[PDB]
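Below: one protein chain in two forms, given as structure tokens, structure 1 then structure 2.
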Structure 1
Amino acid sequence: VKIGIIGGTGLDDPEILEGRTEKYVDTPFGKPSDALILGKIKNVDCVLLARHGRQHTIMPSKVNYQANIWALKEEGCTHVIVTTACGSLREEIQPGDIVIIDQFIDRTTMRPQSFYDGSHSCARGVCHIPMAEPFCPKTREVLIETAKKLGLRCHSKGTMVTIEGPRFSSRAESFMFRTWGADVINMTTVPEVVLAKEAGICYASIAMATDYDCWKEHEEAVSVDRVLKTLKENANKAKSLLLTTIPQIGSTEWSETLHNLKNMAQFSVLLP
């Protein structure tokens, strides 16, 4: 196994890896957000990638999701575990809580969601990837059991609505998303989750709630500074969860799980 880690806002710390070497790569879809950081957690090979770049320079609409996933695939990653900062759409999901999300609702509009775009020899045909179960259940289960072992406030499921951004939602939108069954809100899960599935990678997401979105009365206003402060306070939780989870993934059996993902990916392609 080899674990890709895509680090989100306030949740991307190279110091998580030992024996670090940076590696700039190129892909048929362009350059990834930043250099790949190759390293290890205990005996497990990992590849860390900052979603928003070295200096947090890249807006969610313009993150190169294709290049990021393709680069991790080419580096040999069998798994991708990510972190993402999000807002809470449910009273029971408190700021600082982790949510091991199991569904999404797409509200993005400007984003390529397939490698198979008719313009790349490396991905020929039309791909219709199944999304009934977008996140790897086995990885999610190890995250859930590990969060429990650590005593962390963690939710075992949740539906992430991904908005285009970069603005936050209106209050009317926040309310509407709750009625649609969304539990947490962010700007990056789609199309990252979709492209991972096309690549035949086991993908899971550690979502960190930083605030209640503006549906909720009598809370502080949603703001960049409040998001960043809450992340600073809680980032250690994601780091511990990754550090403790990854060696357990490394000693689990994956051949069958990975073979089924590979088959799903290859059989989703219509060839001419």
Structure 2
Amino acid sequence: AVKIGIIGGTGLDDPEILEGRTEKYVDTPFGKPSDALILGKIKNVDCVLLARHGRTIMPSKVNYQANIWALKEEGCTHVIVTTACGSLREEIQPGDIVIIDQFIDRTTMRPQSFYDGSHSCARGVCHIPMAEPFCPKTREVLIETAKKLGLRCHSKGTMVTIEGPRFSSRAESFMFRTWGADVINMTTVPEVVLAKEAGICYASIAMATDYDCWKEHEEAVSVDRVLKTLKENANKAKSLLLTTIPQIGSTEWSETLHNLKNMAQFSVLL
């Protein structure tokens, strides 16, 4: 029974889309999620929407633990998120989609495990594998769905997640390029890590909104530029989600989820 948690689900909380709507504030052993969980069906598939920043909060301080724990406890099998990001590559243009497959962690202040010694709900030490952080099957549906829509889309990409809330210096932007990063943001880590500990199939839709500050004869990133590009291109990620959702619903998952569950279980030392 597929149930899709959606974080950053641009415009999905709408009576024309979300049927049987219901809104639910929850508590978790890690605290309160960013906002109420919005429950309903989209194209006959059970979904749970969660707004990452609420509606106020810096990326460093988002309660990623509470957010993922809540989605797990609601019964989500899948999580699909959207994020804005900066492009670190010429061929990734503003407005393009990137179905990211890897990350580089540049965060510093963020808890990244549920298994923190302090919670009876998550006993022991968890060393979760991260060789493949993102759900391959969901990513493949995202890719094929983008092609069906005729959208500019990149099939793979490495996201460097910085601590923020400041944007990167130019020396930093250049060094990230040399480390192999393709796109840059402030939220992928530790969301992806925690979803993996929870045995959830997690994938990210990244939309490039600027070229950070590395580029020649190009204007550097600002809040205003991001906000304008998002406004011009949000419709893309929304169509992609909306078209992906029913395909997730009709796909077989038992083996995929069984392996995720085993991987998470055998990562824990008691």
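Residues are numbered by position in structure 1's sequence, first residue being 1. Only the largest set of C-alpha atoms that superpose within 1.5 Å between the two forms is called the rigid core. Residues that one form lacks are left out of the comparison.
#### Entry: Displaced position between structures 1 and 2, chosen from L17, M264, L258, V25 (C-alpha, 2 Å or more, rigid core)
None of the others reach 2 Å, which leaves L17.
### Message
Using a rigid core superposition, assess whether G7 undergoes a CA shift of 2 Å or more between structures 1 and 2.
### Response
For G7, whose C-alpha is compared between structures 1 and 2 after core superposition, the shift is less than 2 Å.
### Query
Where the rigid core has been superposed, how far does the Cα of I41 end up moving between structures 1 and 2, given in Å?
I41 is displaced by 1.1 Å at its C-alpha.
### Message
Which residue stretches between structures 1 and 2 come out as moving, taking only runs of at least three where every Cα shifts by 2 Å or more after core superposition?
### Response
Run moving 2 Å or more: only 8 to 19.
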